[PDB]
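I have placed the structure first, in the form of structure tokens, so that the comments after it can refer back to it.
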Amino acid sequence: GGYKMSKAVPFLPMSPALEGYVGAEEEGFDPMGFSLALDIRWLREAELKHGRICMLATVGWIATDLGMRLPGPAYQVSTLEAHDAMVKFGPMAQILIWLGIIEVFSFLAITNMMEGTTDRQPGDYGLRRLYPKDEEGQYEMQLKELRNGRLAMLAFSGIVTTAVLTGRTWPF
Amino acid sequence: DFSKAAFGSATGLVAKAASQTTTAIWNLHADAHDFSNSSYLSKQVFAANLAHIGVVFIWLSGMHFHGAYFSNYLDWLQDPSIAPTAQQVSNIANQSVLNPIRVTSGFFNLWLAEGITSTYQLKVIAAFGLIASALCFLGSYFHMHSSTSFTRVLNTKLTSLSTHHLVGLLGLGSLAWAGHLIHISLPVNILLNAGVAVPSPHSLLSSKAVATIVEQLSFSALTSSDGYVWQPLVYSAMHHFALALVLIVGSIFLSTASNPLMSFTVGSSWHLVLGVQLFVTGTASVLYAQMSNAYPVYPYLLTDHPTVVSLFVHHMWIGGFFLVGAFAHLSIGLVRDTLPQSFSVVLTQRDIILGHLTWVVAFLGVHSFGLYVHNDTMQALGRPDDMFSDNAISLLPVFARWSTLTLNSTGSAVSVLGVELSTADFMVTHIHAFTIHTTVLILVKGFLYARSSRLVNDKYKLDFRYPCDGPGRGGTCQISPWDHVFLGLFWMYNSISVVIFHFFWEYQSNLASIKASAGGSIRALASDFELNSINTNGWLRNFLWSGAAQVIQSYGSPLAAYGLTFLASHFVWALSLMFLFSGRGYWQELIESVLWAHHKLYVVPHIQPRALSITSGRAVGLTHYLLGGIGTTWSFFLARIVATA
Amino acid sequence: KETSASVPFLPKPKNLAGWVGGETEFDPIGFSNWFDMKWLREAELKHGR
Amino acid sequence: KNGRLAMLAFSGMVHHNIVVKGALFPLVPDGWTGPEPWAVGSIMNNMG
Amino acid sequence: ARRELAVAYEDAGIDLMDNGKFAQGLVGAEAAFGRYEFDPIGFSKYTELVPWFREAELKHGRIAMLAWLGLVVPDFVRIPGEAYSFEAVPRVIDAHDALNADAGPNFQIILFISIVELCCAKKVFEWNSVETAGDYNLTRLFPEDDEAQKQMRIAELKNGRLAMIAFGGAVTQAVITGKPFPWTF
Amino acid sequence: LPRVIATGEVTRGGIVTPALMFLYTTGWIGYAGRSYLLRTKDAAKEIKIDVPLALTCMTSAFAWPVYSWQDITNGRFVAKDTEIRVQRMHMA
Amino acid sequence: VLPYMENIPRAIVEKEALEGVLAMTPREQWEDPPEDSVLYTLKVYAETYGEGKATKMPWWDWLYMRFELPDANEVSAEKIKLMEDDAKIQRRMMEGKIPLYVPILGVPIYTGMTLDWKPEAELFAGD
Amino acid sequence: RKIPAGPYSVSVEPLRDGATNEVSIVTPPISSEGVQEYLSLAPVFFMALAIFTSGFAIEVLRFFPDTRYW
Ligand code: CLA
Ligand code: CLA
Ligand SMILES: CC1=C(C/C=C(\C)CCC[C@H](C)CCC[C@H](C)CCCC(C)C)C(=O)c2ccccc2C1=O
Ligand code: SF4
């Protein structure tokens with residue numbers, strides 16, 4: 001009759017800030033109501049940035065702990081001490097500089113989408129490529145991106161936690 | 001929207017041509033925190049308080065960060081006798097001489113009293129301090145922009161506020177600190193004093209550690225628990241537990257149904273609460289300054305003399321400043337209230353109270369400084385037996401030399417604290433009393449002559465801060481309660497400067513006396529303070545000129561920074577003299593000539609150059625005077641006590 | 001609405017319309033809106049030369 | 001386009017000569033094993 | 001008449017009126033002989049927070065039921081693993097001060113309870129009425145009709161209160177005695 | 001202790017080159033400020049700095065020594081004494 | 001009394017609390033309380049809540065209202081109105097005879113005697 | 001706004017009916033134009049200029065200690 005409920009948390013009404021977004025029509029999981037207090041566009045931007053970063057980080061850890069190593073004597077360090085040896089070596093600051101450039105332009109994207117100067121969607125950066133033309137295909141692809149991002153966030157969290165606890169490669 | 005309103009004060013400043021002057025900028029700064037009476041005044045006050053709490057949390061996080069990364073805290077743990085340094089100085093310009101700066105804030109002793117043994121713990125505390133500061137900033141934002149009006153907290157919900165502060169904040173904080181002491185600050189100090197390594201602090205909360213290793217509840221433990229660095233923590237834990245119990249019990253056994261702020265407006269109620277709170281905080285700061293060297297509470301604290309001196313002097317200065325601000329805000333609340341009929345008895349005994357205090361101040365000043373000048377004259381005339389000293393006319397403080405009472409199972413503090421007083425102590429204590437009385441005279445006069453006076457009869461129409469009423473009636477400059485606080489700040493500076501001089505000379509005299517050797521047991525007088533602090537010449541020679549050798553011969557040494565700050569403090573203090581002695585009109589005419597020079601070259605600034613207003617000039621002069629004097633004393637004390645101790 | 005050809009996630013910068021290299025309309029920060037385009041083009045050409 | 005390319009290229013040449021501490025053309029000398037870590041202090045050099 | 005939660009939330013919030021009944025018509029008095037409208041102190045007079053009181057009572061009863069069961073069962077069978085064996089932790093009350101800290105299990109349980117309680121905090125504050133109270137939409141085997149629903153609600157309430165009191169005297173009966181499931185001396 | 005030779009000879013530790021460098025830098029500063037005030041004849045733009053225009057003036061004041069002298073000799077630098085607020089209260 | 005102070009639910013404010021608020025508020029102050037007065041917030045919550053008006057409110061708004069409204073005892077108890085009446089009678093009397101306090105330990109301690117501070121001959125004489 | 005709330009408030013009106021599933025973003029409604037205007041203030045702009053000048057002097061002193069090229 002009313003108060004469209006969260007399909008994930010069935011005892012809490014879905015936050016109206018979730019309407020029109022990818023993960024709302026099937027999950028709608030906002031129990032703490034962050035979207036009620038924070039701008040849902042910013043939250044989606046943060047979620048997708050985290051998901052993409054974690055999806056890169058998970059495969060990076062997989063490669064580094066499987067023996068995939070760049071051809072250099074300085075690069076022959078384990079993943080645990082990788083982000084101390086590479087910090088001292090220099091490339092960590094280099095990656096920081098380039099990601100800082102990319103993130104400054106991402107800041108421009110965010111501070112242009114909020115004022116309406118662009119019709120840019122939160123996670124959108126313009127990379128269509130493997131993007132369906134049909135709207136249903138676009139929605140399903142965005143849902144796949146979000147689910148993979150969340151899964152890899154949790155996966156990388158577990159990977160780093162278990163690797164620090166018990167120093168091993170990855171299957172543990 | 002909100003960003004637009006962030007510079008809203010500047011937009012209003014430029015909107016009207018009347019506010020396109022530098023005086024408008026100075027007013028914008030002076031009226032920054034002067035939250036005007038409105039429906040959201042209480043929200044503004046509470047949010048500002050929470051923002052200040054966040055700022056203090058930033059400061060604490062920075063201090064713990066310096067302890068973690070830029071301090072020799074571990075080396076100090078291994079050897080408390082070494083110099084505690086917690087501020088690295090990079091090699092820029094030529095400042096490399098002072099690279100390790102001996103910090104005298106007592107953070108090392110505090111952290112040792114907290115059971116902190118690893119710099120990782122300091123890193124964690126710094127991170128949590130940053131988190132707490134972020135939370136405080138979030139809460140301050142929220143309260144300013146989205147929360148309750150808070151207008152009921154001082155009149156309607158004052159019972160709830162007071163009861164919460166009594167039970168929850170104070171009592172529960174004391175109880176939690178007692179638990180922290182008993183559980184991780186006592187055992188860690190035990191295992192450090194015994195040198196038997198320290199486990200993780202959480203492992204002490206195991207119910208299998210010394211908590212149940214032995215159930216004996218007195219001074220008896222493994223091997224020989226005879227550490228006297230540890231007993232002050234035991235006493236502190238007992239004190240906190242007892243204080244929590246008495247606070248919790250008395251809060252529910254107290255009336256608290258008496259709010260004296262019913263008759264005051266919300267703004268005046270806030271100002272009066274701020275005044276009484278400042279009075280309490282200032283007297284608490286002074287009490288702590290006395291008790292820091294009166295009673296040992298931190299591990300290896302008394303051994304670190306620069307830390308003791310710095311704690312005493314800093315807390316004395318803060319107490320004096322807050323005591324002055326107490327009367328400042330009492331005056332603000334009285335003069336800004338529509339019907340402040342509550343102070344009717346004191347506003348009707350205005351002249352009686354003021355004149356009796358005037359006689360008290362006159363009597364104390366003539367007597368104390370006449371004892372000093374009489375000693376100076378007699379010593380100059382070669383009449384040491386006519387002076388006021390132990391070997392002469394003796395002004396023995398008899399009222400000090402008695403605390404005997406029925407025992408009833410007590411000890412220690414049942415006496416004069418094991419210290420004998422002499423004529424010099426009597427005279428300097430009377431000097432302290434006179435200076436305190438004069439500061440109180442100025443502040444009380446500002447409070448009483450705030451709404452009206454025999455000279456100007458409508459001073460309440462002039463608000464709290466005004467330059468004057470005019471050159472009429474012979475001259476009415478400095479009649480405002482603000483100007484009375486302005487003069488009381490100078491007299492507080494004088495009082496606290498004499499107090500810290502007395503403390504520092506007594507401390508150095510005691511250090512020299514205990515450096516008898518061991519065999520030397522007739523200190524006669526010696527006691528350089530007791531023998532020489534009876535003349536103004538005695539002070540000028542054996543304290544100021546004598547101890548200035550450390551601060552003026554500090555060039556090329558790590559105390560060269562203290563020497564440079566000594567010079568800069570003198571410079572700022574003479575600049576204050578510039579601001580205080582001069583007047584606004586002259587500088588306005590000078591600026592007129594300079595502005596003609598500008599206009600001649602088509603420069604023509606539109607924010608018209610105006611010299612500082614009369615009150616602004618007085619405030620700048622007072623700020624520079626306090627900065628210069630306090631900085632001179634700071635550099636002098638720190639150089640003297642670090643080089644020689 | 002209109003977006004820059006080079007940076008699809010940013011608005012199309014104005015003042016780049018009639019210019020030699022303006023068809024790619026690359027100006028994320030947007031010095032076009034702040035400064036004279038003639039001076040910016042002169043500076044770019046001089047730097048390149 | 002040539003101007004932009006040469007601006008970036010000249011910056012690269014200068015900083016290559018900085019990192020290698022040598023001539024531009026003998027790129028990545030024998031036994032390179034990466035550039036030497038940068039000298040002079042920083043906020044992270046004093047354990048920031 | 002369970003009033004499916006989606007339409008039940010239409011009357012949520014802090015109700016300011018008074019139903020005129022006992023504690024806002026809550027199920028639970030429902031004693032053996034008649035109705036035991038207990039409320040001796042008078043917390044039910046504070047009518048606006050009566051749904052809050054029901055939520056607190058239901059949460060306490062559920063946590064109790066689980067805790068009494070979870071200090072009865074382990075005295076018979078333990079989880080496979082050396083850290084939970086009958087020799088490593090001789091008594092169930094020792095299980096608290098046996099793992100804790102950096103052993104993992106108890107901290108994980110606390111973490112997950114905190115997460116599930118923070119996620120369901122929007123149910124307690126806001127979205128909480130007289131009818132909803134403790135309804136977390138876990139009905140499933142909640143019988144239909146109306147009197148059957150009342151009987152199951154009163155069964156839950158009586159069992160929860162009984163388990164609260166039982167757990168109290170159980171942790172008490174185990175600290176003063178240190179014995180298996182029958183905690184008699 | 002090494003000395004500074006302020007005679008005017010171009011020597012090691014002299015004053016002519018530091019004097020020229022400072023004078024150029026501060027003429028740059030003053031001309032940038034004066035240009036901003038001339039192109040922003042408004043107290044609003046004084047309290048609220050027009051950052052593009054301010055930096056335009058700052059980077060454009062590099063030619064101060066020659067532009068200033070051209071304005072001085074062409075009458076656009078100084079102001080006629082009869083057109084500015086000059087002190088004549090004595091009724092001169 | 002005023003129409004909006006009629007049949008106010010106990011949830012918004014207690015009956016004793018409402019009576020105390022009215023007792024401590026001047027009669028002419030009603031019908032238009034100042035923004036910073038307790039009666040103004042009590043009025044604002046008196047409408048939009050009760051009888052045919054909105055009978056429910058969100059939990060955060062309930063917390064707001066509870067923070068912004070008195071709770072009868074210890075805040076608007078009859079003893080508090082008695083003390084306020086005593087204080088106003090005191091201030092009325094001091095225009096005349098003044099109670100005698102003495103500052104003991106720096107705090108004025110009431111003695112129990114009331115002075116004749118009013119001059120015998122010249123009312124406005126300062127001596 | 002019958003409930004007395006401060007100017008520039010992100011607070012919903014506390015006079016609401018039964019629990020509302022509404023979106024009330026507690027974040028300051030700032031503006032990019034407004035932020036740029038604020039950072040262009042004379043205090044902000046000139047303190048940033050002073051910081052830039054001071055840091056430039058710091059770096060010149062670091063990489064060219066003393067006046068070695070006098
Ligand atoms: C709990 C402490 C506290 C609080 C909350 C307040 C709050 C207030 N005071 Mg107050 N005051 C206090 C303590 C306090 N005071 C004390 C202790 C004194 C005695 C010294 C005073 C003396 C005082 C006077 C005389 C006046 C106020 C006024 C005010 C009001 C406006 C303040 C303002 O706009 O300043 C804005 C902030 C500043 C001006 C800060 C500028 C920096 C100061 C001037 C010097 C700091 C120098 C610094 C320490 C050294 C620099 C470092 C060095 C190394 C270079 C406000 C209600 C004014 C008023 O009208 O009240 C209604 C007023 O006229 N106060
Ligand atoms: C105000 C502080 C002060 C005090 C207490 C003294 C005290 C003294 N000075 Mg001295 N002196 C002072 C300042 C002071 N000096 C200063 C500033 C100078 C520099 C000019 C000097 C220069 C000086 C010289 C050059 C000499 C002294 C000498 C003396 C001694 C004798 C003075 C004398 O004849 O008494 C006179 C006293 C009185 C006339 C009585 C006045 C006090 C009465 C008792 C007040 C009573 C009030 C009463 C209780 C009110 C209530 C009444 C009501 C109940 C009815 C005496 C110890 C002489 C000496 O060598 O002796 C050791 C001496 O030759 N003084
Ligand atoms: C000098 C003076 C002025 C003139 C003061 C003015 C015009 C204030 C402007 C001074 C500027 C703002 C100084 C800026 C700071 C200095 C450059 C020093 C700080 C920075 C250095 C340490 C590098 C008064 O207006 C005045 C008014 C009433 C009584 C006495 C006086 C008074 O003595
Ligand atoms: S000198 Fe200054 S403060 Fe004194 S009366 Fe004249 S104008 Fe007022």
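Convention: chains lettered A, B, ... in structure tokens order; per-chain residue numbering from 1; ligands numbered from 1 as shown.
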
Please check which protein, DNA or RNA residues sit within 7 Å of ligand 4, counting only C-alpha atoms and all ligand atoms, and write them as a PyMOL selection string. chain B and resi 467-471+475-478+583+614

Would you write out those residues with N, CA and C atoms, as an mmCIF file, in the first residue's frame?
```
data_model
loop_
_atom_site.group_PDB
_atom_site.id
_atom_site.type_symbol
_atom_site.label_atom_id
_atom_site.label_comp_id
_atom_site.auth_asym_id
_atom_site.auth_seq_id
_atom_site.Cartn_x
_atom_site.Cartn_y
_atom_site.Cartn_z
ATOM 1 N N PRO B 467 35.427 53.937 23.950
ATOM 2 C CA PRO B 467 36.710 54.587 24.237
ATOM 3 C C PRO B 467 36.631 55.542 25.413
ATOM 4 N N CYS B 468 35.589 56.355 25.444
ATOM 5 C CA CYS B 468 35.430 57.402 26.445
ATOM 6 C C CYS B 468 34.012 57.944 26.331
ATOM 7 N N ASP B 469 33.732 59.004 27.084
ATOM 8 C CA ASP B 469 32.548 59.816 26.872
ATOM 9 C C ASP B 469 32.885 61.200 26.344
ATOM 10 N N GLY B 470 34.162 61.569 26.331
ATOM 11 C CA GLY B 470 34.592 62.844 25.819
ATOM 12 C C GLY B 470 35.598 63.496 26.740
ATOM 13 N N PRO B 471 36.211 64.588 26.287
ATOM 14 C CA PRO B 471 37.134 65.338 27.141
ATOM 15 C C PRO B 471 36.453 66.214 28.177
ATOM 16 N N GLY B 475 37.675 65.383 31.658
ATOM 17 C CA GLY B 475 38.210 64.278 30.888
ATOM 18 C C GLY B 475 37.625 62.964 31.357
ATOM 19 N N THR B 476 37.070 62.190 30.448
ATOM 20 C CA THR B 476 36.437 60.965 30.837
ATOM 21 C C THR B 476 36.979 59.773 30.126
ATOM 22 N N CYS B 477 38.270 59.756 29.875
ATOM 23 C CA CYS B 477 38.864 58.660 29.168
ATOM 24 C C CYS B 477 38.947 57.453 30.018
ATOM 25 N N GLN B 478 38.875 56.295 29.419
ATOM 26 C CA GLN B 478 38.976 55.062 30.148
ATOM 27 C C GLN B 478 38.007 54.874 31.285
ATOM 28 N N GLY B 583 48.187 58.334 20.741
ATOM 29 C CA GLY B 583 46.761 58.505 20.568
ATOM 30 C C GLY B 583 46.372 58.420 19.105
ATOM 31 N N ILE B 614 40.489 54.157 19.278
ATOM 32 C CA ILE B 614 41.051 54.364 20.611
ATOM 33 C C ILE B 614 41.076 53.055 21.384
#
```

Those of region 105-323 of chain B in DSSP helix (DSSP H, G or I), formatted as a compact mmCIF listing (two decimals) with C-alpha atoms, in the first residue's frame:
```txt
# COMPACT_ATOMS: atom_id res chain seq x y z
CA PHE B 107 54.17 15.32 28.57
CA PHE B 108 56.81 12.66 29.22
CA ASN B 109 55.93 12.49 32.92
CA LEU B 110 52.22 12.55 32.06
CA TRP B 111 52.55 9.68 29.58
CA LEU B 112 54.60 7.69 32.09
CA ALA B 113 51.78 8.30 34.57
CA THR B 119 55.76 5.23 20.68
CA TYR B 120 53.12 3.13 18.92
CA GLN B 121 50.77 3.99 21.78
CA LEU B 122 51.53 7.67 21.19
CA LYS B 123 50.79 7.22 17.48
CA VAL B 124 47.47 5.59 18.36
CA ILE B 125 46.62 8.40 20.77
CA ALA B 126 47.46 11.00 18.11
CA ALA B 127 45.25 9.22 15.57
CA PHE B 128 42.38 8.95 18.05
CA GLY B 129 42.86 12.61 18.94
CA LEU B 130 42.49 13.52 15.28
CA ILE B 131 39.38 11.32 15.13
CA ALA B 132 37.97 13.01 18.25
CA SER B 133 38.71 16.44 16.78
CA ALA B 134 36.89 15.45 13.59
CA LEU B 135 33.93 14.25 15.66
CA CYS B 136 33.91 17.50 17.65
CA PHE B 137 33.97 19.53 14.43
CA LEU B 138 31.11 17.43 13.04
CA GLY B 139 29.12 17.96 16.23
CA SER B 140 29.80 21.69 16.26
CA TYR B 141 28.67 21.95 12.67
CA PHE B 142 25.58 19.97 13.41
CA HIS B 143 24.66 22.02 16.47
CA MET B 144 25.21 25.33 14.70
CA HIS B 145 23.26 24.28 11.62
CA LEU B 158 20.11 24.23 34.22
CA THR B 159 19.23 21.50 36.72
CA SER B 160 19.75 18.83 34.06
CA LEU B 161 23.01 20.41 32.86
CA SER B 162 24.41 20.76 36.38
CA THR B 163 23.35 17.25 37.41
CA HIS B 164 24.84 15.73 34.26
CA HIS B 165 28.12 17.58 34.79
CA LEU B 166 28.20 16.56 38.46
CA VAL B 167 27.46 12.87 37.96
CA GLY B 168 28.28 11.85 34.42
CA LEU B 169 31.12 14.09 33.28
CA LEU B 170 32.96 14.73 36.54
CA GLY B 171 32.19 11.67 38.65
CA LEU B 172 32.24 9.09 35.86
CA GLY B 173 35.41 10.59 34.39
CA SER B 174 37.13 10.45 37.77
CA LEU B 175 35.94 6.87 38.28
CA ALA B 176 37.10 5.85 34.80
CA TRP B 177 40.48 7.47 35.41
CA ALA B 178 40.74 5.62 38.73
CA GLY B 179 40.03 2.39 36.88
CA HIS B 180 42.64 3.24 34.25
CA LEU B 181 45.18 4.00 36.97
CA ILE B 182 44.53 0.85 39.03
CA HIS B 183 44.49 -1.38 35.96
CA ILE B 184 47.19 -0.16 33.55
CA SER B 185 48.96 2.85 35.10
CA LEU B 186 49.90 1.18 38.39
CA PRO B 187 50.98 -2.21 36.93
CA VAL B 188 52.97 -0.63 34.09
CA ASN B 189 54.83 1.63 36.51
CA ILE B 190 55.43 -1.40 38.75
CA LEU B 191 56.93 -3.40 35.90
CA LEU B 192 58.99 -0.42 34.73
CA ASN B 193 60.35 0.50 38.16
CA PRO B 201 48.22 -3.06 28.51
CA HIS B 202 45.18 -5.16 27.60
CA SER B 203 46.91 -8.25 29.01
CA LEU B 204 46.59 -6.57 32.41
CA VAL B 210 48.59 -9.51 39.30
CA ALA B 211 44.88 -8.82 39.81
CA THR B 212 44.58 -12.47 40.87
CA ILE B 213 48.24 -13.51 41.11
CA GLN B 231 52.96 5.52 45.44
CA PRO B 232 51.74 8.90 44.09
CA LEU B 233 49.80 6.99 41.43
CA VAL B 234 48.23 4.83 44.16
CA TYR B 235 47.21 7.97 46.02
CA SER B 236 45.84 9.47 42.80
CA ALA B 237 43.76 6.36 42.13
CA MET B 238 42.37 6.40 45.67
CA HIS B 239 41.63 10.12 45.34
CA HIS B 240 39.80 9.66 42.05
CA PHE B 241 37.73 6.76 43.39
CA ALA B 242 36.79 8.71 46.52
CA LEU B 243 36.01 11.84 44.49
CA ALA B 244 33.78 9.88 42.10
CA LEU B 245 31.93 8.33 45.03
CA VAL B 246 31.40 11.63 46.83
CA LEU B 247 30.35 13.43 43.64
CA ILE B 248 27.81 10.74 42.73
CA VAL B 249 26.41 10.57 46.27
CA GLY B 250 26.26 14.33 46.84
CA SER B 251 24.69 15.07 43.46
CA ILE B 252 21.57 13.12 44.45
CA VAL B 266 19.86 34.92 27.67
CA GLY B 267 22.89 36.90 26.50
CA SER B 268 23.57 38.30 29.95
CA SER B 269 22.97 34.86 31.45
CA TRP B 270 25.58 33.41 29.09
CA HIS B 271 28.04 36.17 29.97
CA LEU B 272 27.52 35.71 33.72
CA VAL B 273 27.93 31.93 33.43
CA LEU B 274 31.10 32.53 31.42
CA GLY B 275 32.38 34.91 34.07
CA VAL B 276 31.79 32.54 36.97
CA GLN B 277 33.21 29.65 34.92
CA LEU B 278 36.31 31.70 34.15
CA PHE B 279 36.69 32.52 37.84
CA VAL B 280 36.47 28.84 38.75
CA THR B 281 38.88 27.78 36.00
CA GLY B 282 41.38 30.49 36.91
CA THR B 283 41.38 29.68 40.60
CA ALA B 284 41.68 25.99 39.68
CA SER B 285 44.69 26.80 37.49
CA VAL B 286 46.32 28.74 40.33
CA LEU B 287 45.57 25.91 42.77
CA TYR B 288 47.11 23.36 40.41
CA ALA B 289 50.15 25.58 39.93
CA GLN B 290 50.65 25.61 43.69
CA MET B 291 49.94 21.89 44.12
CA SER B 292 52.27 20.79 41.30
CA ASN B 293 55.34 21.61 43.38
CA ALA B 294 53.45 21.32 46.68
CA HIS B 305 63.21 21.25 37.31
CA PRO B 306 62.45 23.08 34.01
CA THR B 307 59.19 21.13 33.77
CA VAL B 308 58.19 22.09 37.32
CA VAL B 309 59.00 25.76 36.72
CA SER B 310 57.17 25.81 33.39
CA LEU B 311 54.06 24.12 34.78
CA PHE B 312 53.91 26.49 37.75
CA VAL B 313 54.45 29.65 35.71
CA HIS B 314 52.14 28.68 32.84
CA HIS B 315 49.27 27.72 35.11
CA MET B 316 49.74 30.85 37.22
CA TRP B 317 49.53 32.98 34.07
CA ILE B 318 46.46 31.13 32.82
CA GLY B 319 44.81 31.45 36.22
CA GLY B 320 45.48 35.17 36.33
CA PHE B 321 44.16 35.70 32.81
CA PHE B 322 41.01 33.70 33.51
CA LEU B 323 40.45 35.47 36.84
```

Chain B contacts on chain H, only C-alpha atoms, 10 Å, as a ChimeraX atom specification: /H:3-14,26-39,41-42,58-66

Polymer residues at most 8 Å from region 24-28 of chain C, only C-alpha atoms, same-chain spacing of 5 or more positions, as JSON, numbers by chain: {"A": [105, 108], "C": [4, 5, 6, 7, 10, 12, 13, 16, 17]}

Closest of B:618, B:598, B:515, B:437 to ligand 3 - atom-to-atom distances counting only C-alpha atoms and all ligand atoms: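 Between B:618, B:598, B:515, B:437, the residue approaching ligand 3 most closely is B:618.
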
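With only C-alpha atoms taken into account, the protein and nucleic acid residues at most 9 Å from residue 49 (chain A) (excluding it and anything under 5 positions from it in its own chain) are residues 44, 54, 123 and 149 of chain A.
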
Output of the above residues as an mmCIF file, in the first residue's frame, restricted to C-alpha atoms:
```cif
data_model
loop_
_atom_site.group_PDB
_atom_site.id
_atom_site.type_symbol
_atom_site.label_atom_id
_atom_site.label_comp_id
_atom_site.auth_asym_id
_atom_site.auth_seq_id
_atom_site.Cartn_x
_atom_site.Cartn_y
_atom_site.Cartn_z
ATOM 1 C CA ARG A 44 27.587 6.407 -5.463
ATOM 2 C CA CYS A 54 39.568 -2.667 -4.922
ATOM 3 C CA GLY A 123 30.037 6.698 -11.782
ATOM 4 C CA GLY A 149 33.196 -3.864 -6.983
#
```

Interface, chain G side, toward chain B (8 Å; only C-alpha atoms) as an NGL selection string: :G and (35-36 or 38 or 64 or 67-68 or 70 or 74-75 or 80 or 91)

Export, as an mmCIF file, in the first residue's frame, the selected residues with C-alpha atoms.
```
data_model
loop_
_atom_site.group_PDB
_atom_site.id
_atom_site.type_symbol
_atom_site.label_atom_id
_atom_site.label_comp_id
_atom_site.auth_asym_id
_atom_site.auth_seq_id
_atom_site.Cartn_x
_atom_site.Cartn_y
_atom_site.Cartn_z
ATOM 1 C CA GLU G 35 11.044 33.807 20.595
ATOM 2 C CA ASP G 36 13.359 32.955 23.513
ATOM 3 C CA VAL G 38 9.476 28.804 27.200
ATOM 4 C CA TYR G 64 13.913 17.960 19.968
ATOM 5 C CA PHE G 67 14.918 19.005 24.977
ATOM 6 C CA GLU G 68 13.074 22.261 24.269
ATOM 7 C CA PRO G 70 10.131 21.668 30.622
ATOM 8 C CA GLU G 74 12.625 20.259 39.484
ATOM 9 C CA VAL G 75 12.147 22.705 36.587
ATOM 10 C CA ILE G 80 10.200 27.137 42.104
ATOM 11 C CA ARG G 91 13.235 42.984 45.341
#
```

Nearby residues, ligand 1, 7 Å, only C-alpha atoms and all ligand atoms, as a VMD selection string: chain B and resid 29 to 35 271 274 278 321 to 326 328 to 329 332 464 to 465 482 485 to 486 489 623 627

Would you save the residues from that selection as a short mmCIF file (atom, residue, chain, number, x, y, z; two decimals), in the first residue's frame, using C-alpha atoms?
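Done, and the output landed in result29.cif:
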```
data_model
loop_
_atom_site.label_atom_id
_atom_site.label_comp_id
_atom_site.auth_asym_id
_atom_site.auth_seq_id
_atom_site.Cartn_x
_atom_site.Cartn_y
_atom_site.Cartn_z
CA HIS B 29 37.77 41.07 13.85
CA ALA B 30 36.86 42.56 17.24
CA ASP B 31 33.19 41.60 16.86
CA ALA B 32 34.02 38.11 15.57
CA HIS B 33 32.97 36.01 18.57
CA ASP B 34 30.70 38.71 20.04
CA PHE B 35 27.62 36.65 19.20
CA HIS B 271 28.04 36.17 29.97
CA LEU B 274 31.10 32.53 31.42
CA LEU B 278 36.31 31.70 34.15
CA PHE B 321 44.16 35.70 32.81
CA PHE B 322 41.01 33.70 33.51
CA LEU B 323 40.45 35.47 36.84
CA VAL B 324 40.58 38.79 34.99
CA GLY B 325 38.27 37.48 32.28
CA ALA B 326 35.83 36.42 34.99
CA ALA B 328 35.39 41.07 32.38
CA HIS B 329 32.40 38.88 31.55
CA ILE B 332 29.67 42.46 30.18
CA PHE B 464 30.56 47.52 27.56
CA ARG B 465 33.37 48.65 25.24
CA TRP B 482 36.41 47.33 28.96
CA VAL B 485 39.56 45.17 32.32
CA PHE B 486 42.32 46.72 30.21
CA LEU B 489 45.13 43.05 32.81
CA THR B 623 48.34 42.63 23.80
CA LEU B 627 53.23 39.34 25.02
#
```

Show which residues sit within 12 Å of region 33-46 of chain C, as an NGL selection string. Count only C-alpha atoms, and ignore same-chain residues fewer than 5 positions away. (:C and (12-22 or 27-28)) or (:D and (1-7)) or (:F and (50-57 or 60)) or (:H and (36))
